[PDB]
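[1] fold the stuff below for me.
(4 chains, ligands or ions: 1)
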Amino acid sequence: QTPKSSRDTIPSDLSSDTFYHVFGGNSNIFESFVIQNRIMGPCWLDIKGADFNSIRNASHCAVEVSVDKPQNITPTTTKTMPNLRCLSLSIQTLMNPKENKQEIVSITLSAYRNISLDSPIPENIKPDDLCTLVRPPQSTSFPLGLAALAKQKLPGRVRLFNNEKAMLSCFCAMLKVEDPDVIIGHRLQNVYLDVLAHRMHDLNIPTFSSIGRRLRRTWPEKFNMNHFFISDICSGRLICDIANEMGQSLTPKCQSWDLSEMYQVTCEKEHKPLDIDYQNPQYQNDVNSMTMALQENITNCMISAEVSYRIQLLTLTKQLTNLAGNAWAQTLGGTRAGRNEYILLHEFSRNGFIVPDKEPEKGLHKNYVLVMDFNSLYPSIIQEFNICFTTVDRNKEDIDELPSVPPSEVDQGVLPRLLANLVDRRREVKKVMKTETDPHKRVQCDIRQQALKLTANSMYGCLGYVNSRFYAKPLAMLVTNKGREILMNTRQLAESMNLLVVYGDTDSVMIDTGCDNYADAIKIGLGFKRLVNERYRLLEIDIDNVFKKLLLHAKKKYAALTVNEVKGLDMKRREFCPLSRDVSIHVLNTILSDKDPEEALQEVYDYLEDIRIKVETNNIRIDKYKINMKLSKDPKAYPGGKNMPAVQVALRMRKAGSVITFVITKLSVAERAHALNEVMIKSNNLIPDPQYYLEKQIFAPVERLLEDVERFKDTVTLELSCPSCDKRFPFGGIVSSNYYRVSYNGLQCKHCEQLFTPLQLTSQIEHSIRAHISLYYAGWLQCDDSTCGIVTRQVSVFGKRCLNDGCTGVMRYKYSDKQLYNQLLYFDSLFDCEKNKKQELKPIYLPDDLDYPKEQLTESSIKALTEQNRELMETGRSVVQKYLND
Amino acid sequence: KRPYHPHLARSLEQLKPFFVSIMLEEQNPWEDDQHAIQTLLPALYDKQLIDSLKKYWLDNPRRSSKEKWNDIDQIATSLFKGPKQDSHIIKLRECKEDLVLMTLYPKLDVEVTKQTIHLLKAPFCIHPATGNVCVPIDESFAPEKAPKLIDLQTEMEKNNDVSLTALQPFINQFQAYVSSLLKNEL
Amino acid sequence: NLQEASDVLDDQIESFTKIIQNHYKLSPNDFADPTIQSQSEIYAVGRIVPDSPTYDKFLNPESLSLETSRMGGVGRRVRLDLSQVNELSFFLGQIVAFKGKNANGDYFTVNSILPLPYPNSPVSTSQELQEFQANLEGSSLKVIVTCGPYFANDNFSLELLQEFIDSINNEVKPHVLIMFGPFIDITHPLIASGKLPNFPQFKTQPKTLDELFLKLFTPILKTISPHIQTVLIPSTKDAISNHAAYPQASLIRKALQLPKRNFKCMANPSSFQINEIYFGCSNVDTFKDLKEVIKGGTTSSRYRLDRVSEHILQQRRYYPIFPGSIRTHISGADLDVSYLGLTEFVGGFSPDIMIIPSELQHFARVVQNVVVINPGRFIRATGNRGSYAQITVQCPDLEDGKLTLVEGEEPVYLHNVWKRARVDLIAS
Amino acid sequence: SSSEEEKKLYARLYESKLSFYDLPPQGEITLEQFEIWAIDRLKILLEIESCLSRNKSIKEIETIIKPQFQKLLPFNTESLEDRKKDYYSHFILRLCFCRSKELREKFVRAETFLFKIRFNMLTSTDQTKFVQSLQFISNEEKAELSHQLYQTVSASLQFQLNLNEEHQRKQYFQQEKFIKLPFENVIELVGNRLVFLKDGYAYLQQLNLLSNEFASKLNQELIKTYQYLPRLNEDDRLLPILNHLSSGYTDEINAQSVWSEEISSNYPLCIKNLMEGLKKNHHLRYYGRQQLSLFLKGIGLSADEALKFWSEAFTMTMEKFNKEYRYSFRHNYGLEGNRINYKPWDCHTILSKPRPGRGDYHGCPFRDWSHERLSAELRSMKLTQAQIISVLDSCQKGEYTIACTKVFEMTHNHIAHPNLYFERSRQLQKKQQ
Ligand code: SF4
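    Numbers count the residues shown, from 1 in each chain, chains lettered A, B, ... in the order given. Right below this line is the structure:
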């Protein structure tokens, strides 16, 4: 606070004749407040000289005080903290096609006013209050009988409003009244807070600041700055988002981190989402659909709050913050950079230092597979080899120059001291566990140890991140090479005691134990842990996840049976009929059963044979064959409308969003579809099509579930045209044929005996090469995932991502440089004299082909005709080589 | 290690004539039977010859170092017979070479040479226990020829000019050395 | 490659982001991810793609997307909501810019379009223009443009070519003759079906297509008077050429057996100078391939050639259409996207006169003070007279005032060729 | 780069017929050249390693490696394409074998041995001009110091080239050139009395020095490429090839005649296990079926005889078989679907498949079996205890395929494909008959 030029800072490169550099030009006031006062995260503060009368109507808090100097505030040693008022928020939005604006329809407020982190949270806390607001998505009135019927079946309170304005006014008022301390919800930070702040801005509610704790009457004038403005607006109430980067960091098992998937993975309960869309006209007069929607919202709110209690998000972030000393929010809604920044700031500042100015083995694995943690790899290296800014001698002129590790005579630094301090605290916590009897204190020890290990593991983000305050490429390269060496020696140790490295990186490696009993796999994993700790005294890896059966395709695209369920493969249930889902699920159940997998496989096989027979005889209920699909646009404006069946059925009926249920009957695949209720009617004489559902709907999924001569086996043949009589015929070199004959005077068609002069042959060879190259530059791409298999020429900016929404296949240029190059190589071999003489050429015709040659040439005839036709063959070969050499 | 390095063989050839005159006569360390057993017998390669020489010297005590040197060959010839005798003669000659090297080869202080940062006493510095001057060494130098500080003070009491001591020849040798060093530097 | 192709299709978007930010003086904070929900209006640059990976041939303003680069939106494609824009024109492959909002989370509405700025034209100093005045000797500069194919689909007669060469040698007498393929087109019916007959007028018959060109075009191209500079710019359909993907490496003059005295073989595409003129020459039929999407009466009432000439200028690339169109296989545009650097306006200079042969009717136009000439084909398939181009440019004059001075410490002068050049489309 | 600049630059790079691969190759190759050159040199390395593991003499190794030198990677030739092959293939292998320390150690020893052979295979004049590119001594100077040089270098020659005979050592010395240079550059050799010195000059046993400097320089460059590889992972066309060549380091025949001793006596361990399991369980699961079916297809079992063999082995109901297994058993023979004549499985592809559990017999036993069961098998195969210990040694390292070759040769008198095992066995059996 200065009377003049408070907003103008001092550049570091200020011109002066007595000094030449300035530090701290751009310090942050909270940064200096915390560094000077030695604050480390949330702790009890003793504040003296607090002015209880200077502050008038400045916040949403009941208690308002002020201080005149920062030295009045000092930290205490108290380890207990008061109970937190958490509020659970969930939002259902409605996209307005007119302005492309997401609009707010319903709010579900679940509050938990006595959430205490000092004691283990008991599972399934019931909230102290439940609220659910809703405004009409289409009209200004609701369907009749909403209030009483929602009272009848929905839990908590439901509040009905005529419009979104009184909606958000009451929401803000309830937030001010509740005065919660932590806001909990799923994907709040990057989608829901943003949309909520925007729709608030639009409606001009007086009480927008209630979402935070600082009372403001007007918005910022400038309202990427949207994030800074929103985060400042919500200041005071931490945003506890479970799908944010940290919330994802505490659930490595998930793949979508959608609410249902997170709920299943962390709470071992099942929830089937209802795809909601308030654009649908049914939500304006059908009360039951609206109330099912609100129930979905309330269930999402409870699910989110419960999972955030279960993964221990708040406690772990609190302990990570007390460890790195930054703000709690910077831990909750950020990345490792904030914590790795603040702990280094504190560590160097308290020591009189000047800180800078601001591959898989895919398939089905039957043996037990363990997920073993290398999170503490880089901290282990940094501590062991004393790698620090003050120990390693390096060239700062060239940052890529790899430095050598300090000799043991050098003394330890600041950062490895922090790492060793963290390791020691984890070890003392574990020693306390080994004696502790009360489960509450034992789970407290769990949380403290886990936060210590997470900080140690995230320590590498201080220096490995490029834009980081303490970036140091030489040290990063040294630590990284040492970690690569240690990962290798782990692989070698695993081989030396008879395991495989199934998949592995600097974070985590899964190991083939080779045993089929839980105790045996656990013992093998513990033995390997002891082995690695013996070879590396400080590297203490653990077992994180146990896999009895593993269907592996990547680090994060797999199906397996865990030990303490399917993730990543059940999203597409609409396209597949009831029969296909029954088949897939029964196949999985038998395969994953405890039977001998030659009898379980024969049981699958009998099931498949019986289902094939049942479909062919059509003794299966017509209900089991139905396929549902929602219409995004109108059936008359659908591009390629002749290829998806719903357009055919809907136009035969003749809007968008109407659900069409259909059965492929027994002409085009799209055309054969008939109305499901039509196919039930036997007098219509309609039966399902065995071939379609047996190939595309049942064979395709289980195909994924149950997962010189050689070179050219996929190459294509050269089709010539005879100049005179227009007879087209493949060319296979100096070989037998019913269409062409190589005479002593040149290539001769057999239909009209007219010879090919070299021009009429090389022109056509080169026309075929040009056709192939035009095809290869057309750029056809495909999707490797057999259930998507689309054909495309678009290339998304990330080249290898399939464009099917969320589809996990790997796109590849259909006419690869491999197929194309090989095609040109076969084109060459068609004109190689040595190959033609040796009769090594690929065959054009199969023995069942109707044009198989009746007369087979002799070896002597081939050799003589090749020697007589060497010039022709050489010119033909050079025509191709003029592209092969390009 | 065998065969001997050019440098090592040259040092051995330089040292061989002095070996007798110094060790076997002037010092005569092995005339003491216990000293002989402690220093000579270890350096042999064969246990049977070692034990035989031990017994022969215990039977004939206080035989001179030259006498024991000859007895080594006499008893070795007595013991090792047959087509393998030449190997034993070769090994005994190698042992004798190893021993003369052990007894007369330079024994350098390893530490002072290794590093550029080592400190070594400057020339002409006084020795605190003897008072001798650390004077340069010529071919005729001996420990008794090094002047003492009390003697230099006595000489200086008669004539007050440093050029009139026995220290001055050493300073003149130093001056010749520095002149040569300067011209080779140029 | 595909990683390289994705790299280049990212660099298109990012460099055009940089150019837009420099031109409109916007800070990169404005540039943001358009496919992910937001609360405020944001700025965005990306390519045009079908809102499907497999699409129906015909597109409309309700089935478009705006693909995002790697750091703008990590490769995600966003559908287009274009209901609030009444005047627009896009096309597939066109790196564009938007200001809008994606609160719908699924649809990116554009409140306003940023038209890409047209590149700065070439400039030259007084000394160079005076040298060009001395070179021209007062008389004007004369350049003839021809574009193939030069013989009919049913015969091998170049009588029309010999007529044209006698014409340019004896009456027109142009300084530089620039001529384009296809020379021996690979899609020719008689050449694709293998109906190439015995030639009585060649002592020794040809054996390949290269001998066909050497005996059919070299003897007749040698007859051009050495005073006439000739530039060869190939096409992808030249069977004489061994580079079947745009951009196309220059023909080899020695292999064509052409005289060094008056022939220069140049790469496709090519931007070069003749005296003071900046020429843009590229041989892939953009005027035919670029299939726009039109909204608005003002845009639809405008000349299609004017729109596509403006498109070729703004897209700082001679062939801005991606994916490369296909003739269904017989042929196609044949892009090699690993090298889509080379097909950009060399140095960022919008060429004074841009020559793009097209199968369409011969035209020559000035759009955005750039003379774009499209001469048509030398002979129609039937053998009737085709077309070729005549370019006549008044000699530069610093006193006549048609060259406009550019303010600055160093005096340099804009060429005003649209003021100085007359173009005549004379059927050959 | 114009091809003329490339030609001049390579002529400069190849002023000597052998190289230290100092400067990265410049120019363009087409991915077939990449792959074929890489596989050619890789097979030379694997042959060298197989010869070494058998402790054959360097003269024998030279004799064995001359022919596939003339076959895959020719040397002593003036061709520009052969030299392009050598450089580009070695640098591709540096890309391949930079990932792991065990691989880089293998590449370093292999390329070190290959370099030693190459240096011995050049004439003395070319050895001199290579050393120049370090002044070789004159013949008069060599003859003057002949005795001292021989005394210095005899022990090194005996212990490094295994020339136990004095006459062979003298012959080798007579042809061996020497290098005159300061001792200050050869201090490490000086301390061990490996180099003869006169008047401040060191007379280098040179090939060992050049080999060691090449090995150390190569190791440093390997570490450099391993540092820069995460900038190379971005291109799609290279990584699958690099992964494959990196991991690659790891009717008379009828439905009845397969089960006889005359035929199955030739099968390797994987096939023997697979048919043991089939005969005992009357069924093999997916992977076992696929690998054994394709192996039979390789050895010559026609689709009809294979269908009869599979039907008779499944002692279940033909209906079940005909619905479920005939389609697969025909498709593996290339009679269904896309009609791709599926290739028989090689040890790399077999080992890339997941490990066998309870009831699975697929994969390679040398990796899947505990050492006691292998010991019992090999004791049944009349292998002596030293032979079994050597097999278990090769198996312990992760060299399963080498141990397969060992059991083959030991039971008959580098195989990484079961059909190759069977066919070499058949070629020996017919020869014996
Ligand atoms: S090494 Fe190969 S052929 Fe031999 S048993 Fe193993 S998998 Fe079979």
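
[2] list the residues that contact residue A:872.
    Contact analysis of residue A:872 by Cβ atoms under 8 Å, 6 or more residues apart in numbering or on different chains lists A:746-747, A:758, A:761. All C-beta spots, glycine's among them, are computed from the backbone N, C-alpha and C.

[3] my read: residue D:326 touches residue D:306, true?
    No: between residue D:326 and residue D:306 there is no contact under Cβ atoms under 8 Å: 10.4 Å.

[4] between these two, which is the more surrounded one?
    The residue with more neighbours, out of residue D:326 and residue D:306, is residue D:306; 22 against 16, by other Cβ atoms under 10 Å in any protein chain shown.

[5] and the nearest residue to that one once chain neighbours are set aside, which of the three is it?
    Take residue D:306 and drop its neighbours on the chain: the residue closest to it by Cβ to Cβ, 6 or more residues apart in numbering or on different chains is residue D:296, 5.8 Å away. The three-state label given to residue D:296 by DSSP: H, G, I helix; E, B strand; the rest coil is helix.

[6] residues near residue D:296, how many?
    So residue D:296, with other Cβ under 10 Å, has 26 neighbours.

[7] that one reaches residue D:259, doesn't it?
    No: here residue D:296 does not reach residue D:259: they are 11.5 Å apart, not a contact under Cβ under 8 Å.

[8] how near is the residue nearest to residue D:306 to residue C:333?
    To residue C:333, residue D:296 is 50 Å away according to Cβ to Cβ, to the nearest Å.

[9] and residue C:94, by the same measure?
    15 Å.

[10] give me the most central residue, chain B.
    residue B:104 (3.7 Å; Cα atoms, centre = their mean).

[11] ok, now which ones touch it?
    Contacts of residue B:104 by Cβ under 8 Å, 6+ apart are B:15, B:18-19, B:22-23.

[12] ok, the spatially closest residue to residue A:48 that is not a sequence neighbour to residue A:51 distance?
    In space, and not counting its chain neighbours, residue A:48 is closest to residue A:72: 5.0 Å by Cβ to Cβ, 6+ apart. Per Cβ to Cβ, residue A:72 is found 10 Å from residue A:51.

[13] now residue A:613
    Taking Cβ to Cβ, one finds residue A:613 at 87 Å from residue A:51.

[14] okay but residue D:318 is in contact with residue D:308, surely?
    No: in this structure, residue D:318 is not within contact of residue D:308 by Cβ under 8 Å, at 11.6 Å.

[15] more neighbours: which of the two?
    The residue with more neighbours, out of residue D:318 and residue D:308, is residue D:308; 15 against 10, by other Cβ under 10 Å.

[16] show me what contacts that one?
    residue D:255.

[17] helix or strand: which one has it?
    helix D:303-313 (DSSP states H and E).

[18] identify each buried residue in that helix, please.
    Neighbour counts using 16 or more other Cβ atoms under 10 Å in any protein chain shown place D:305-307, D:309-311, D:313 of helix D:303-313 among the buried residues.

[19] now residue A:575, what's its secondary structure?
    coil.

[20] what number of residues lie near it?
    Residue A:575, neighbours per other Cβ under 10 Å, totals 12.

[21] now it: phi and psi?
    Note on residue A:575: backbone dihedrals following degrees, to the nearest 10 are phi -60, psi -30.

[22] and it, how far is that from residue A:406?
    61 Å.

[23] now the helices for chain B?
    Assigned by DSSP state H, the helices in chain B fall at B:6-19, B:33-39, B:47-59, B:65-79, B:85-104, B:111-114, B:149-158, B:167-185.

[24] I'd like those as CSV, with distance to residue A:342 appended.
    Supplementary listing: those in CSV, determined by distance: least, Cβ to Cβ, whole Å:
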stretch, distance to residue A:342
helix B:6-19, 65
helix B:33-39, 71
helix B:47-59, 74
helix B:65-79, 80
helix B:85-104, 67
helix B:111-114, 47
helix B:149-158, 69
helix B:167-185, 60
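
[25] to residue D:136, which of those helices lies closest?
    helix B:6-19 (21.2 Å; Cβ to Cβ).

[26] and that closest one, what does it pack against?
    helix B:85-104, strand D:196-198 (3 or more Cβ pairs under 8 Å, 6 or more residues apart in numbering or on different chains; DSSP states H and E).

[27] remind me which helix or strand residue C:232 belongs to.
    strand C:229-233.

[28] note down every partner strand of that strand and its orientation.
    When sheet partners are counted by DSSP bridges, strand C:229-233 sits next to strand C:176-180 (parallel), strand C:263-265 (parallel).

[29] show me the contact partners of the longest one.
    By that I understand strand C:176-180. C:143-148, C:168, C:224, C:228-235, C:274, C:279, C:281, C:283, C:355, C:357.

[30] against residue A:311, how distant is residue B:29?
    For residue B:29, the distance to residue A:311 - Cβ to Cβ - is 84 Å.

[31] for the contacts of residue B:104, give me TSV that also has distance to residue A:496 and neighbour count.
    Conversion of these to TSV gives the following (distance: Cβ to Cβ, whole Å; neighbours: other Cβ atoms under 10 Å in any protein chain shown):
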residue	distance to residue A:496	neighbour count
B:15	54	17
B:18	59	12
B:19	57	18
B:22	60	15
B:23	57	19
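
[32] could you tell me how many residues sit around the residue of chain B found nearest the ligand?
    Nearest residue of chain B to the ligand (Cβ to the nearest ligand atom) works out as residue B:1 at 45.9 Å. Neighbour count of residue B:1, defined by other Cβ under 10 Å: 8.
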